Structures are given as structure tokens and as C-alpha cells.
file model.txt (compact mmCIF, N, CA and C atoms)
# COMPACT_ATOMS: atom_id res chain seq x y z
N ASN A 7 -69.33 179.86 23.86
CA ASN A 7 -68.75 179.14 22.72
C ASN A 7 -67.59 178.26 23.17
N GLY A 8 -66.82 178.76 24.12
CA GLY A 8 -65.71 178.01 24.65
C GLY A 8 -66.03 177.46 26.02
N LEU A 9 -66.70 176.32 26.03
CA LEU A 9 -67.12 175.70 27.27
C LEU A 9 -65.95 174.98 27.93
N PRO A 10 -65.61 175.37 29.17
CA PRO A 10 -64.54 174.73 29.94
C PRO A 10 -64.79 173.24 30.13
N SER A 11 -63.71 172.48 30.25
CA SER A 11 -63.79 171.04 30.40
C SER A 11 -64.67 170.64 31.59
N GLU A 12 -64.41 171.23 32.74
CA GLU A 12 -65.16 170.92 33.95
C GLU A 12 -66.62 171.40 33.87
N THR A 13 -66.93 172.17 32.85
CA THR A 13 -68.27 172.70 32.67
C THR A 13 -69.04 171.82 31.68
N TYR A 14 -68.31 171.14 30.82
CA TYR A 14 -68.90 170.33 29.78
C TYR A 14 -68.90 168.85 30.18
N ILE A 15 -68.25 168.54 31.28
CA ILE A 15 -68.11 167.18 31.72
C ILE A 15 -68.96 166.93 32.95
N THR A 16 -69.44 165.71 33.07
CA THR A 16 -70.29 165.33 34.16
C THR A 16 -69.46 164.63 35.23
N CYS A 17 -69.87 164.73 36.49
CA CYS A 17 -69.10 164.14 37.58
C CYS A 17 -69.06 162.61 37.46
N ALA A 18 -70.07 162.03 36.81
CA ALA A 18 -70.11 160.59 36.59
C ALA A 18 -68.98 160.17 35.66
N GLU A 19 -68.76 160.97 34.63
CA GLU A 19 -67.69 160.72 33.68
C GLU A 19 -66.34 161.01 34.32
N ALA A 20 -66.34 161.92 35.29
CA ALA A 20 -65.13 162.25 36.01
C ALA A 20 -64.68 161.05 36.83
N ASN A 21 -65.66 160.28 37.27
CA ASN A 21 -65.39 159.07 38.03
C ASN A 21 -64.79 158.03 37.10
N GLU A 22 -65.34 157.97 35.90
CA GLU A 22 -64.82 157.11 34.85
C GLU A 22 -63.34 157.42 34.57
N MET A 23 -63.00 158.71 34.49
CA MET A 23 -61.62 159.12 34.25
C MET A 23 -60.71 158.63 35.38
N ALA A 24 -61.21 158.75 36.61
CA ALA A 24 -60.50 158.29 37.83
C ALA A 24 -59.91 156.88 37.69
N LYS A 25 -60.50 156.05 36.84
CA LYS A 25 -59.98 154.70 36.61
C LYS A 25 -58.63 154.77 35.91
N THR A 26 -58.46 155.78 35.09
CA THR A 26 -57.22 156.01 34.38
C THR A 26 -56.36 157.00 35.15
N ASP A 27 -57.00 158.05 35.66
CA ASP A 27 -56.31 159.09 36.39
C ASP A 27 -57.09 159.49 37.64
N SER A 28 -56.94 158.70 38.68
CA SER A 28 -57.61 158.96 39.95
C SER A 28 -57.12 160.27 40.56
N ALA A 29 -55.80 160.48 40.55
CA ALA A 29 -55.21 161.67 41.14
C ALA A 29 -55.64 162.94 40.40
N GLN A 30 -55.89 162.82 39.11
CA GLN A 30 -56.31 163.96 38.31
C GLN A 30 -57.71 164.42 38.71
N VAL A 31 -58.58 163.46 38.95
CA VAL A 31 -59.96 163.76 39.31
C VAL A 31 -60.05 164.19 40.76
N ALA A 32 -59.21 163.60 41.58
CA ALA A 32 -59.20 163.90 43.00
C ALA A 32 -58.67 165.30 43.23
N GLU A 33 -57.76 165.71 42.36
CA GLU A 33 -57.18 167.03 42.45
C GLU A 33 -58.20 168.09 42.07
N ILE A 34 -58.97 167.83 41.01
CA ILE A 34 -59.94 168.80 40.51
C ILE A 34 -61.04 169.02 41.53
N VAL A 35 -61.59 167.93 42.04
CA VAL A 35 -62.65 168.01 43.03
C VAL A 35 -62.16 168.66 44.32
N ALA A 36 -60.85 168.58 44.56
CA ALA A 36 -60.26 169.18 45.74
C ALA A 36 -60.03 170.67 45.54
N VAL A 37 -59.43 171.03 44.39
CA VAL A 37 -59.13 172.43 44.08
C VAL A 37 -60.36 173.33 44.21
N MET A 38 -61.35 173.16 43.36
CA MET A 38 -62.54 173.99 43.45
C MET A 38 -63.40 173.61 44.63
N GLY A 39 -63.42 172.33 44.97
CA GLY A 39 -64.23 171.87 46.08
C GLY A 39 -63.89 172.56 47.38
N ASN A 40 -62.62 172.48 47.77
CA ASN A 40 -62.15 173.11 49.01
C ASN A 40 -62.40 174.62 49.00
N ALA A 41 -62.19 175.25 47.85
CA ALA A 41 -62.43 176.67 47.72
C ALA A 41 -63.91 176.98 47.84
N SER A 42 -64.71 176.20 47.12
CA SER A 42 -66.16 176.35 47.11
C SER A 42 -66.74 176.24 48.52
N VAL A 43 -66.42 175.14 49.21
CA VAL A 43 -66.93 174.92 50.56
C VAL A 43 -66.47 176.03 51.51
N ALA A 44 -65.22 176.45 51.38
CA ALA A 44 -64.69 177.50 52.22
C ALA A 44 -65.25 178.87 51.85
N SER A 45 -65.92 178.97 50.71
CA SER A 45 -66.46 180.25 50.27
C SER A 45 -67.80 180.54 50.92
N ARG A 46 -68.45 179.51 51.44
CA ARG A 46 -69.76 179.70 52.05
C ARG A 46 -69.68 179.53 53.55
N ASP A 47 -68.67 178.80 54.00
CA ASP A 47 -68.51 178.51 55.40
C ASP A 47 -67.28 179.19 55.97
N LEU A 48 -66.15 179.03 55.27
CA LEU A 48 -64.86 179.64 55.64
C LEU A 48 -64.21 178.95 56.85
N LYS A 49 -64.93 178.04 57.48
CA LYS A 49 -64.40 177.33 58.64
C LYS A 49 -63.96 175.93 58.25
N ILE A 50 -64.34 175.52 57.06
CA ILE A 50 -63.98 174.22 56.54
C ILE A 50 -62.50 174.18 56.16
N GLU A 51 -61.81 173.16 56.65
CA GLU A 51 -60.38 173.01 56.44
C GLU A 51 -60.08 171.99 55.36
N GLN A 52 -58.80 171.85 55.02
CA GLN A 52 -58.35 170.90 54.00
C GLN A 52 -58.39 169.47 54.54
N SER A 53 -59.58 168.97 54.78
CA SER A 53 -59.77 167.63 55.29
C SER A 53 -59.88 166.62 54.14
N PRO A 54 -58.89 165.71 54.01
CA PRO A 54 -58.87 164.68 52.94
C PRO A 54 -60.09 163.76 53.00
N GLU A 55 -60.69 163.65 54.17
CA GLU A 55 -61.86 162.81 54.37
C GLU A 55 -63.09 163.43 53.72
N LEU A 56 -63.04 164.74 53.51
CA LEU A 56 -64.15 165.45 52.90
C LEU A 56 -64.11 165.31 51.39
N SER A 57 -62.92 165.42 50.81
CA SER A 57 -62.76 165.28 49.37
C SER A 57 -63.08 163.84 48.95
N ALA A 58 -62.44 162.89 49.63
CA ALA A 58 -62.70 161.46 49.41
C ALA A 58 -64.20 161.14 49.33
N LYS A 59 -65.01 161.83 50.12
CA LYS A 59 -66.45 161.59 50.13
C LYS A 59 -67.20 162.52 49.16
N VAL A 60 -66.69 163.75 48.97
CA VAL A 60 -67.34 164.73 48.08
C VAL A 60 -67.39 164.23 46.63
N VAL A 61 -66.54 163.27 46.30
CA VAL A 61 -66.53 162.71 44.95
C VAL A 61 -67.27 161.36 44.95
N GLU A 62 -67.17 160.65 46.07
CA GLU A 62 -67.83 159.36 46.25
C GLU A 62 -69.34 159.50 46.14
N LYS A 63 -69.89 160.47 46.84
CA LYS A 63 -71.32 160.71 46.80
C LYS A 63 -71.70 161.43 45.52
N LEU A 64 -70.84 162.34 45.09
CA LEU A 64 -71.06 163.14 43.90
C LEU A 64 -71.41 162.28 42.68
N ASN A 65 -70.54 161.33 42.35
CA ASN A 65 -70.73 160.47 41.16
C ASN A 65 -72.01 159.66 41.25
N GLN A 66 -72.45 159.42 42.46
CA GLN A 66 -73.68 158.70 42.69
C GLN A 66 -74.87 159.60 42.30
N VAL A 67 -74.77 160.88 42.67
CA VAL A 67 -75.76 161.88 42.28
C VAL A 67 -75.87 161.97 40.75
N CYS A 68 -74.72 161.98 40.08
CA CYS A 68 -74.70 162.06 38.61
C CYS A 68 -75.21 160.77 37.99
N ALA A 69 -74.97 159.65 38.66
CA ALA A 69 -75.47 158.35 38.20
C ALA A 69 -76.99 158.36 38.12
N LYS A 70 -77.62 159.19 38.93
CA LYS A 70 -79.07 159.32 38.94
C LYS A 70 -79.52 160.51 38.10
N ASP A 71 -78.62 161.47 37.93
CA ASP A 71 -78.91 162.66 37.14
C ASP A 71 -77.72 163.02 36.27
N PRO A 72 -77.74 162.58 35.00
CA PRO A 72 -76.65 162.83 34.05
C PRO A 72 -76.46 164.32 33.73
N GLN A 73 -77.47 165.12 34.04
CA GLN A 73 -77.41 166.57 33.79
C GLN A 73 -76.56 167.30 34.83
N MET A 74 -76.02 166.57 35.79
CA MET A 74 -75.20 167.17 36.84
C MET A 74 -73.77 167.40 36.36
N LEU A 75 -73.56 168.51 35.65
CA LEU A 75 -72.23 168.91 35.17
C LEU A 75 -71.28 169.02 36.35
N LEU A 76 -70.04 168.60 36.16
CA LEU A 76 -69.03 168.58 37.23
C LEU A 76 -68.92 169.93 37.94
N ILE A 77 -68.80 170.99 37.15
CA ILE A 77 -68.64 172.34 37.68
C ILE A 77 -69.79 172.71 38.65
N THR A 78 -71.02 172.35 38.27
CA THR A 78 -72.19 172.64 39.08
C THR A 78 -72.38 171.61 40.19
N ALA A 79 -72.17 170.35 39.86
CA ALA A 79 -72.35 169.24 40.80
C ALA A 79 -71.53 169.42 42.08
N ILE A 80 -70.30 169.89 41.94
CA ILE A 80 -69.45 170.13 43.10
C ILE A 80 -70.03 171.25 43.97
N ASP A 81 -70.47 172.32 43.32
CA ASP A 81 -71.09 173.45 44.02
C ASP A 81 -72.36 173.00 44.72
N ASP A 82 -73.11 172.14 44.04
CA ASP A 82 -74.35 171.58 44.57
C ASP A 82 -74.09 170.72 45.81
N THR A 83 -73.02 169.94 45.77
CA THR A 83 -72.66 169.10 46.89
C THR A 83 -72.16 169.97 48.04
N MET A 84 -71.49 171.07 47.70
CA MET A 84 -71.02 172.02 48.69
C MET A 84 -72.22 172.64 49.41
N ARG A 85 -73.34 172.71 48.71
CA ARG A 85 -74.55 173.25 49.29
C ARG A 85 -75.12 172.27 50.31
N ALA A 86 -75.09 170.99 49.95
CA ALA A 86 -75.59 169.94 50.82
C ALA A 86 -74.77 169.82 52.10
N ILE A 87 -73.46 169.66 51.96
CA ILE A 87 -72.60 169.48 53.14
C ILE A 87 -72.06 170.82 53.66
N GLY A 88 -72.52 171.91 53.07
CA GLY A 88 -72.08 173.23 53.47
C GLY A 88 -72.73 173.71 54.75
N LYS A 89 -73.59 172.89 55.32
CA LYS A 89 -74.26 173.21 56.55
C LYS A 89 -74.16 172.02 57.50
N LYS A 90 -73.12 172.01 58.31
CA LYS A 90 -72.90 170.92 59.24
C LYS A 90 -73.19 171.35 60.68
call {"tool": "encode", "arguments": {"input": "model.txt", "output": "C-alpha cells"}}
result
Amino acid sequence: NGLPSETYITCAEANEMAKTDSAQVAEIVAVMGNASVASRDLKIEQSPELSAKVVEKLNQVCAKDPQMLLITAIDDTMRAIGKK
């Protein structure tokens, strides 16, 4: 009944927000993103080059699939780049 913002919002729309609040979106994708990636690998460090791209490619995925909720989309991207 109480759907969290990041659960009800799509990464494509998160990109839209970035036009108004880039730091807000970059922070969110970094917070759970860094934790998420480190939860499956644990060797992944706080690399700014990873976040910068984890959102760049992410919004493109949502642009093709609007059903990619932000909360899931980040985890999904962590799955893709979670094996380097």
C-alpha cells in the first residue's frame, strides 16, 4: 500500500529529475548502487566512473523498457556489470 518513491519511479524519469536535481539522482543511484554491487561482488569500490555510467546506461534501458522501476533497474544493472 505504501510504495516507496524509488520503487514507484522509473529510472527514465529519474533521468528527467536529474535535469532539475542531478546530484539528487546521482546520490540515489550511488547509495543503493554501490551497496548493491558490493553485495554480490564485495570487491567493487566507490568508483565515481561506475556510478556515472550505471545511470547513463540505466536510463537507456528504461527508455526501451518503461517497466524498469528504479529500485529494480539498478539491481538489474548490478547484475549485468556485477561480473567483470
call {"tool": "residues_around", "arguments": {"input": "model.txt", "residues": "region 45-59 of chain A", "least_positions_apart": "3", "cutoff": "8 Å", "atoms": "only N, CA and C atoms", "output": "PyMOL selection string"}}
result
chain A and resi 32+35-36+39-42+62-65+84+88-89
call {"tool": "select_by_dssp", "arguments": {"input": "model.txt", "residues": "chain A", "states": "helix (DSSP H, G or I)", "output": "JSON, numbers by chain"}}
result
{"A": [11, 12, 13, 14, 17, 18, 19, 20, 21, 22, 23, 24, 25, 26, 27, 28, 29, 30, 31, 32, 33, 34, 35, 36, 37, 38, 39, 40, 41, 42, 43, 44, 45, 46, 54, 55, 56, 57, 58, 59, 60, 61, 62, 63, 64, 65, 66, 67, 68, 69, 70, 76, 77, 78, 79, 80, 81, 82, 83, 84, 85, 86]}
call {"tool": "closest_residue", "arguments": {"input": "model.txt", "among": "A:44, A:15, A:80, A:29", "to": "residue 67 (chain A)", "atoms": "only C-alpha atoms"}}
result
A:80
call {"tool": "residues_near_point", "arguments": {"input": "model.txt", "point": "(-73.4, 161.0, 43.9)", "cutoff": "12 Å", "atoms": "only C-alpha atoms", "output": "PyMOL selection string"}}
result
chain A and resi 16-21+59-72+74-76+79-80+82-83+86
call {"tool": "atom_distance", "arguments": {"input": "model.txt", "atom1": "atom N of residue 26 (chain A)", "atom2": "atom N of residue 11 (chain A)"}}
result
18.2 Å
call {"tool": "closest_residue", "arguments": {"input": "model.txt", "among": "A:90, A:22, A:43, A:13", "to": "residue 78 (chain A)", "atoms": "only N, CA and C atoms"}}
result
A:13
call {"tool": "build_atoms", "arguments": {"input": "model.txt", "residues": "region 36-54 of chain A", "atoms": "N, CA, C and O atoms", "output": "tab-separated table (two decimals), in the frame of the given file"}}
result
chain	number	residue	atom	x	y	z
A	36	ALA	N	-60.85	168.58	44.56
A	36	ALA	CA	-60.26	169.18	45.74
A	36	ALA	C	-60.03	170.67	45.54
A	36	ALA	O	-60.38	171.48	46.39
A	37	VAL	N	-59.43	171.03	44.39
A	37	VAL	CA	-59.13	172.43	44.08
A	37	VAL	C	-60.36	173.33	44.21
A	37	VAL	O	-60.40	174.19	45.09
A	38	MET	N	-61.35	173.16	43.36
A	38	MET	CA	-62.54	173.99	43.45
A	38	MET	C	-63.40	173.61	44.63
A	38	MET	O	-64.03	174.46	45.23
A	39	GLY	N	-63.42	172.33	44.97
A	39	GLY	CA	-64.23	171.87	46.08
A	39	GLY	C	-63.89	172.56	47.38
A	39	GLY	O	-64.76	173.17	48.01
A	40	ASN	N	-62.62	172.48	47.77
A	40	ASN	CA	-62.15	173.11	49.01
A	40	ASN	C	-62.40	174.62	49.00
A	40	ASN	O	-62.78	175.20	50.02
A	41	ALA	N	-62.19	175.25	47.85
A	41	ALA	CA	-62.43	176.67	47.72
A	41	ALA	C	-63.91	176.98	47.84
A	41	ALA	O	-64.32	177.87	48.57
A	42	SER	N	-64.71	176.20	47.12
A	42	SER	CA	-66.16	176.35	47.11
A	42	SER	C	-66.74	176.24	48.52
A	42	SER	O	-67.44	177.15	48.99
A	43	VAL	N	-66.42	175.14	49.21
A	43	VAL	CA	-66.93	174.92	50.56
A	43	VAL	C	-66.47	176.03	51.51
A	43	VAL	O	-67.26	176.53	52.32
A	44	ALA	N	-65.22	176.45	51.38
A	44	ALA	CA	-64.69	177.50	52.22
A	44	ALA	C	-65.25	178.87	51.85
A	44	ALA	O	-65.08	179.83	52.59
A	45	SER	N	-65.92	178.97	50.71
A	45	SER	CA	-66.46	180.25	50.27
A	45	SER	C	-67.80	180.54	50.92
A	45	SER	O	-68.25	181.69	50.94
A	46	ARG	N	-68.45	179.51	51.44
A	46	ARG	CA	-69.76	179.70	52.05
A	46	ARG	C	-69.68	179.53	53.55
A	46	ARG	O	-70.50	180.05	54.29
A	47	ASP	N	-68.67	178.80	54.00
A	47	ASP	CA	-68.51	178.51	55.40
A	47	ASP	C	-67.28	179.19	55.97
A	47	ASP	O	-67.34	179.81	57.03
A	48	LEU	N	-66.15	179.03	55.27
A	48	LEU	CA	-64.86	179.64	55.64
A	48	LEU	C	-64.21	178.95	56.85
A	48	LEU	O	-63.06	179.23	57.20
A	49	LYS	N	-64.93	178.04	57.48
A	49	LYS	CA	-64.40	177.33	58.64
A	49	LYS	C	-63.96	175.93	58.25
A	49	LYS	O	-63.31	175.23	59.03
A	50	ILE	N	-64.34	175.52	57.06
A	50	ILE	CA	-63.98	174.22	56.54
A	50	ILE	C	-62.50	174.18	56.16
A	50	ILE	O	-62.00	175.05	55.45
A	51	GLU	N	-61.81	173.16	56.65
A	51	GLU	CA	-60.38	173.01	56.44
A	51	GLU	C	-60.08	171.99	55.36
A	51	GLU	O	-60.99	171.34	54.83
A	52	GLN	N	-58.80	171.85	55.02
A	52	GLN	CA	-58.35	170.90	54.00
A	52	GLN	C	-58.39	169.47	54.54
A	52	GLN	O	-57.35	168.85	54.77
A	53	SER	N	-59.58	168.97	54.78
A	53	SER	CA	-59.77	167.63	55.29
A	53	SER	C	-59.88	166.62	54.14
A	53	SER	O	-60.84	166.65	53.37
A	54	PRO	N	-58.89	165.71	54.01
A	54	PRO	CA	-58.87	164.68	52.94
A	54	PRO	C	-60.09	163.76	53.00
A	54	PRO	O	-60.49	163.17	51.99
